[PDB]
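Here it is in structure tokens:
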């Protein structure tokens with residue numbers, strides 16, 4: 001079974017370095033030209049680098065020229081991308097892909113991708129705020151200023167599942183912000199307790215905020 | 007034996023034509039073509055008479071689509087290119 | 002330069018979707034098309050202008066001539082809803098087009114949910130106004146905020162949309178000081194979707 005598996009992605013500081021690997025299996029890795037393709041979160045595909053079947057010819061996009069280096073180990077069935085002088089704009093999912101022909105630029109097989117986050121931000125736990133409204143009540147939770155992603159939002163420790171909507175995070179400055187909402191029956195709140203449970207695994211933080219009318 | 011030799015007749019024969027870097031575009035050679043070569047019809051063979059040489063009576067121009075693979079650039083470029091193949095239809099031993 | 006694609010294409014189920022890709026002398030290069038579903042790697046659907054790889058349905062067809070390549074999807078189904086990227090290795094720096102999100106009708110208007118700042122946050126002298134945008138299709142939304150009736154630009158942060166099954170969800174935040182919250186009569190979250198506006202307001206005076 002033909003496959004490509006990227007690894008080496010992580011959180012890194014600007015000016016820092018990271019080496020990405022791509023393990024090929026199920027086919028003769030040495031007979032194929034390879035490319036690295038990246039995709040910034042919420043954005044499009046950007047070709048990064050190209051390597052010949054033997055490693056003789058190496059091409060780079062102008063945005064990575066002089067900082068990234070492509071290489072391959074045909075004996076190990078592995079493609080590499082050495083990324084130096086990393087910048088915030090280098091933040092993306094990095095895909096490893098196969099060109100089926102030396103005379104073609106199409107991409108046959110792709111890996112699942114590896115995420116590279118380039119940031120000067122420090123591990124910050126969120127500030128959690130309860131959101132009360134101004141036959142069904144919609145309650146919210148404001149999870150503000152956390153780094154890195156993700157946070158995990160539950161309601162009443164998992165008891166509330168139906169009507170839970172965790173909205174996409176936004177990058178306020180160097181930190182992330184999101185909000186979660188829960189639609190509950192009006193006879194359930196404020197009669198019964200509605201609690202927001204927020205965990206930030208990177209800082210090992212756990213916070214509960216009760217939604218009280220105010 | 008050995009078996010008597012039979013002259014190579016002046017006729018059309020399947021030949022291999024190498025798609026050269028020079029004929030189509032003269033910018034440089036450092037670009038590869040796909041496919042590198044194709045079959046053509048050419049006049050080959052000999053003439054019984056001394057003075058004479060095997061030559062084409064009429065030719066046919068046949069265009070084919072190939073690809074230019076430019077390597078000496080910032081990135082690879084796979085451009086379409088049309089190449090005119092010359093095919094021979096009839097051959098005859100002509101006086102010279 | 003750049004390979005130009007419409008940011009979005011909307012079609013009714015069973016109709017023919019046409020996604021274009023424009024570039025300088027694009028017809029003299031080979032165009033490939035990739036289909037990408039959220040959280041997935043791109044899939045090659047068309048290579049060399051019109052060729053379908055094995056395992057790709059007959060619905061997908063392509064063409065490239067002059068300046069424009071076109072991906073055609075006849076009998077468009079829900080499973081064809083994805084991002085489509087054209088690709089070509091040309092003389093210009095961009096190997097991929099900007100992408101086109103393909104959406105299948107019916108369209109869905111956004112529903113707004115707006116939250117005023119908590120007492121906890123006002124005690125910290127800050128005020129974050131929350132606007133939750135849900136149940137919209139296609140994904141393209143424009144978010145503008147208003148102080149009283151005046152358009153407010155500073156402190157506005159709007160998320161990218163995210164596919165929640167068949168619809169999209171997005172969020173917008175307006176960060177102010179507690180004094181800026183108190184001084185104004187109202188605040189409005191205005192969402193523009195398919196040329197239509199949706200509004201919800203918040204009033205400090207309760």
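Protein chains in written order, with the authors' numbering: chain B, 1 to 134, 141 to 220; chain D, 7 to 102; chain A, 2 to 207.
Beta carbons are placed, not taken as given, at the ideal position from N, Cα and C, and that holds for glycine.
For residue 56 of chain A, which of A:64, A:47, A:63 has the nearest alpha-carbon?
Comparing Cα positions, the closest option is A:47.
Does any CB atom of chain D fall closer than 7 Å to the CB of residue 103 of chain B?
Answer yes: the Cβ-Cβ gap between residue 103 of chain B and chain D drops below 7 Å somewhere.
Give the DSSP bridge partners of residue 52 of chain D, in chain order.
Paired residue(s): none; residue 52 of chain D is not in a bridge.
Go through its chain and collect everything with a Cβ distance to residue 22 of chain A's Cβ below 6 Å, but skip five positions before and after it.
If we look at residue 22 of chain A and ignore the five residues flanking it on each side, its Cβ neighbours are 4, 6, 70, 87, 98.
Helix, strand or coil for residue 32 of chain D? Go by DSSP, reduced to three states.
Looking at residue 32 of chain D - three-state DSSP - the assignment turns out to be coil, as it is neither helix nor strand.
Coarse secondary structure for residue 98 of chain A, derived from DSSP in three states:
Residue 98 of chain A carries a strand assignment under DSSP once its states are collapsed to helix, strand and coil.
Under a Cβ-count criterion, where at least 16 other Cβ atoms within 10 Å of its own Cβ denotes burial, should residue 24 of chain A be classed as buried or exposed?
Here residue 24 of chain A is buried: its Cβ has 16 or more other Cβ atoms, across all protein chains shown, within 10 Å.
Coarse secondary structure for residue 15 of chain D, derived from DSSP in three states
If DSSP states are grouped into helix, strand and coil, residue 15 of chain D belongs with coil.
Top-ranked residue by Cα proximity to residue 150 of chain A, from A:41, A:162, A:204:
Closest in C-alpha terms to residue 150 of chain A, from the list A:41, A:162, A:204, comes A:204.
Determine contact between the segment 31-46 of chain A and the segment 124-140 of chain A, defined as no fewer than three beta-carbon pairs at a distance below 8 Å.
Output reads no: the segment 124-140 of chain A does not touch the segment 31-46 of chain A.
By the criterion of Cβ-Cβ separation under 7 Å, what are the contact partners of residue 81 of chain D in chain B?
Against residue 81 of chain D, the close residues of chain B are 50, 59, in the order they occur along the chain (beta-carbon pairs closer than 7 Å).
Please list, in chain order, the chain B residues whose beta carbon lies closer than 8 Å to that of residue 171 of chain A.
Listed along chain B, the residues sitting closer than 8 Å to residue 171 of chain A by beta-carbon distance are 173, 174.
Please name the residue or residues paired with residue 180 of chain B in a DSSP beta bridge.
Beta-bridge partners assigned by DSSP to residue 180 of chain B: none are found.
Would the segment 27-42 of chain D count as touching the segment 62-69 of chain D if we require 3 or more Cβ pairs under 8 Å?
No: fewer than three Cβ pairs fall under 8 Å.
By a C-beta neighbour count over all protein chains shown, 10 Å radius and 16 as the cutoff for buried, is residue 203 of chain B buried or exposed?
When all chains shown are included, residue 203 of chain B counts as buried.
According to the neighbour-count rule (16 or more other Cβ atoms, all chains shown, within 10 Å of its Cβ), is residue 113 of chain B buried or exposed?
Buried is the label assigned to residue 113 of chain B, since at least 16 other Cβ atoms lie within 10 Å of its Cβ.
Taking only beta-carbon positions, decide if residue 23 of chain D is within less than 7 Å of chain A.
No, residue 23 of chain D lies away from the interface with chain A (no Cβ there is under 7 Å from its Cβ).
Who are the near neighbours of residue 171 of chain B in its chain, counting only those whose CB is closer than 6 Å to its CB and skipping five residues on each side?
Correct list, in chain order: 187.
Assuming residue 23 of chain A is part of the beta strand (DSSP E), what are its boundary residues?
Residues 18-23.
Neighbourhood of residue 151 of chain B by C-beta distance below 8 Å, restricted to the same chain and skipping five residues each side:
Taken in chain order, the residues that qualify are 124, 126, 127, 178, 181, 182, 183.
Look at the Cβ atom of residue 144 of chain B, then the Cβ atom of residue 189 of chain A, and state whether they are nearer than 7 Å.
No, the Cβ-Cβ distance between residue 144 of chain B and residue 189 of chain A is not below 7 Å.
When you compare the CB of residue 161 of chain A with every CB in chain B, is at least one pair closer than 7 Å?
Using a CB distance cut-off of 7 Å, residue 161 of chain A counts as an interface residue toward chain B.
Going by beta carbon distance, what residues of the same chain come within less than 7 Å of residue 1 of chain A, once the five residues before and after it are set aside?
What is shown of chain A runs 2 to 207, which leaves residue 1 of chain A out entirely.
With contact counted as at least three CB pairs below 8 Å, one residue from each stretch, are the segment 14-33 of chain D and the segment 159-173 of chain B in contact?
The answer is no - the segment 159-173 of chain B does not touch the segment 14-33 of chain D, with fewer than three Cβ pairs under 8 Å.
Taking C-beta to C-beta, are residue 162 of chain A and residue 11 of chain A nearer than 7 Å?
Residue 11 of chain A sits away from residue 162 of chain A, with the two beta carbons spaced by 7 Å or more.
Residue 27 of chain D versus residue 8 of chain D: straight-line alpha-carbon distance, rounded:
The straight-line gap from Cα to Cα measures roughly 45 Å.
Given that residue 259 of chain B touches chain A, what residues does it touch there, using C-beta distances under 7 Å?
For chain B, the structure presents residues 1 to 220; residue 259 of chain B sits outside this window and is missing.
Return no unless some Cβ of chain D is closer than 7 Å to the Cβ of residue 90 of chain A.
Cβ-Cβ to chain D under 7 Å: yes for residue 90 of chain A.
Hey, residue 207 of chain A and residue 129 of chain B are a contact pair by Cβ (cut 8 Å); roughly how many whole angstroms apart?
Their Cβ separation, rounded to whole angstroms, is 18 Å, which puts residue 207 of chain A and residue 129 of chain B out of contact at 8 Å.
Give a yes or no on whether the minimum CB-CB distance between residue 158 of chain A and chain B is below 7 Å.
Residue-level contact check: residue 158 of chain A touches chain B, since one or more beta carbons of chain B fall below 7 Å from its beta carbon.
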